[PDB]
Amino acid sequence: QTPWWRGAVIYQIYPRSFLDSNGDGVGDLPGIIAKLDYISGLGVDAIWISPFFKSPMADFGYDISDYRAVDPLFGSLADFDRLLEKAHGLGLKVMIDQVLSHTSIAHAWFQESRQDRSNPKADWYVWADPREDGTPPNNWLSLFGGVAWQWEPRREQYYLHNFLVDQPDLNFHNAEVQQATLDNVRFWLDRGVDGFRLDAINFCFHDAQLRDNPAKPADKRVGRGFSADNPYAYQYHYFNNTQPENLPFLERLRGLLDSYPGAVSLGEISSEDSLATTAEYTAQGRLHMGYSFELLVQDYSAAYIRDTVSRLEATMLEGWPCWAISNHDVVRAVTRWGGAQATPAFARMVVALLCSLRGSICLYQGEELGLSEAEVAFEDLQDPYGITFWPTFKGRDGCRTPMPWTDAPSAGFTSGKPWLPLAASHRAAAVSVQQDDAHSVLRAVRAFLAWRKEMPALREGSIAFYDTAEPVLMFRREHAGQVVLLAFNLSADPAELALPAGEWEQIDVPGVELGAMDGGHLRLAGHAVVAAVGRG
């Protein structure tokens, strides 16, 4: 039969900001354990927990100092084991982040490597002599600001960091690094985890020749996790990441995962051509799925969504797609796509729109509540990315403010002072509030997900788009003789178009505004959805 992850809805938890269970203002693993009943009650198929491993928190967990340990800020390894058991009991699968491409500077491996050029781990990180004039070896810049090379006086060499100075890149050309990486993944597989979200998976290998990246003209610059005005955008990223040698390494990773039937891999993939790289990385015998930033950016239109999903479908044959519209790195889609005054109708519509595309789905904590982006004041800024680029890019704190459980000042998230302040917008839309109003976003999302559970064409079916003029996105999902037409109004204004050829019958789609089809014409209010079945 078809794997559990094919079409699954994955709930991304950002642990720092989900539920604080001991009053220090920072979410923790016992808070997740306490809300596993709520998450299961959403109707999602799995959770993905962002990093909770031992970390100085310079990149809030993505700088890992011990790959096999839980940071005391979040709890203990025993806490994680209990979380696994409880989630499996409710029928949830549990995926965790794996950050394979770089470590914290505080990692024992880097503390050893950096000491001299001769120690047993000297070649485990990406070390390079200065140029003859003392400067970094090439023109690579960090995504998070400044050059990608940091001086180490103990070696009279630079080390590479694509991300923060505190995140030195591992040298995957080294066989011992590849083996140690696989062994760490095996450790978590041996605790029973169901899979892994693979952070920055195309960054594992760099070009050993250290070739300069070519310049990219201003009219070609396109941001994916970075602004087109970030200096990083001024280069074609051909040599600092996405190297051919990563392909046999993925095949090693997959071989390991094959030894644990049911374990799944989901790569985070952002490259010069993210869709093409996703297709290559999910070819047979490599990663099971990948997601990219293509639906995580400003572009929002029927033309854009149709063209993006169509190009991936044409490019990716053997892989299974995975789509997301919000996560811990981007402005929440409700605000990013809906604007400053996005209505709850828009929130419910965009979640149904996401879950009606072909592929597995990542749902970020709070999308089920329809939450808006927070406004983080300068004095509250935590994310180094935002501190570096303030004020033209304000960083990622706006989507990392705490989950609103109740409408109290602390929103039930913490008994102390939260590490980031609650958006005021959020406590008016808290879980405890939406849990009562039967017209809330939360109840509509649960209804849509339970409705989707009974529609195999939405979960496994193929997809085919109609060439519609703006603002309607219309397509077919098809599985097992069943065919399902869906039409979404992406605008807040009413719209009308001719129903496509064939014999179609309207079925009600819970949770979203209902548009009407009469004879051969469809007319949808703002952010309305028509779902029909093909009777013929």
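All residue numbers refer to positions in the sequence shown, first residue = 1.
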Practice prompt. Give the stretch, out of 426 to 434 and 232 to 240, with the larger mean C-alpha temperature factor in the deposited entry.
Written response: 426 to 434
Worksheet entry | Of 120 to 128 and 366 to 374, the one with larger mean CA B-factor | 366 to 374
Worksheet item: Taking the Cα B-factors listed in the entry, which of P51, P471, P56, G31 comes out highest?
Response: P471
Worksheet item: Which of these, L19, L522, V9, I13, has its C-alpha atom at the highest B-factor, as the entry lists it?
Response: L522
Discussion item. Splitting the chain's C-alpha B-factors into thirds, which one does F448 fall into?
Written reply: highest
Worksheet item: C-alpha B factor of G145, ranked within the chain: lowest, middle or highest third?
Response: lowest
Discussion item. Sorting by Cα B-factor within the chain, modelled residues only, which third would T308 end up in: lowest, middle or highest?
Written reply: highest
Worksheet, complete the sentence: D508: CA temperature factor from the record, placed by chain third, in the highest
Worksheet entry | Third of the chain, ranked by Cα B-factor, where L485 sits | highest
